[PDB]
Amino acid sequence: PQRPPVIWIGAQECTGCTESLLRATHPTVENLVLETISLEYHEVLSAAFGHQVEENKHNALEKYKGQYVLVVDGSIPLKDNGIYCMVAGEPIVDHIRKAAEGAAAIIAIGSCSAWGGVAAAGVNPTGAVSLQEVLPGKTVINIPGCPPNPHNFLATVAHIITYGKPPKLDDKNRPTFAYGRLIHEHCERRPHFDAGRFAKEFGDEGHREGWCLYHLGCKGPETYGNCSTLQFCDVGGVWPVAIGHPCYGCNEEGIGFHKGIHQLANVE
């Protein structure tokens, strides 16, 4: 049977958001592209290149008009008429706007496309902005993280396919199943926080007892996400805090890539 079509365009991306798919297990990337979807355009995996792959994109935009899911990773650079990302001689913002016109659903995967992320941090050399900022009249589903657990994306796509609509979203258009709660409001080290049991430096006694990382700069108190529950890589027990390092706030605008690792978070 026919599979739902997907068009994936990378802007100012590091490829980590695509790479997250290679860690996924439900579905694995091979089952994703052979069974779950038809990946009609993806430059990292496409056999075709150059003129042939742009032919694929245009054929798919016409054949699947109104039906495909558009996915963008990376920020979109607007400074100097879009020249900081040029594909086939034209600004990526133009490619994305064209693809957005016939999209059934639009997903910003990763913090860069969701809110500008690292590429928009500091002085923002390229005038990088989010996908929603480039598409003001469209509802963009934001799946932030640097990169998110791939199933935050895959279960969003699955909800669209299986039940015919997006999952429930918060007021930043983030799926509530993955971003509905602060990490600190569902973190297994909260007992240590509550008791004042804190690591003060990596390798100290409290650190080696698995105590809370607040005083190392943990941004869990101001970052929405599912890192403490869903965690990463499906092996069990693997997320930054569990390994011994504070959350950096990479999911959350104004936290990750803005505050120093060891800068303390505000607690609600």
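Numbers follow the displayed sequence, beginning with 1.
- Look at the mean CA B-factor for 5 to 13 and for 243 to 251 in the entry; the higher one is 5 to 13.
- In this entry, 132 to 140 shows the higher mean Cα temperature factor of the pair 71 to 79 and 132 to 140.
- Among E222, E62, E30, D234, the highest C-alpha B-factor in the deposited entry belongs to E62.
- The residue among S113, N149, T156, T162 whose C-alpha atom has the highest B-factor in the PDB entry is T162.
- The PDB entry assigns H26 a C-alpha temperature factor belonging to the lowest third of its chain's modelled residues.
- Sort the modelled residues of the chain by CA B factor and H207 lands in the lowest third.
- Among the modelled residues of its chain, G180 has a C-alpha B-factor that falls in the middle third according to the deposited record.
- When the CA B factors of the chain's modelled residues are split into thirds, the value for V53 lands in the highest one.
- Among the modelled residues of the chain, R190 sits in the lowest third by CA temperature factor in this PDB entry.
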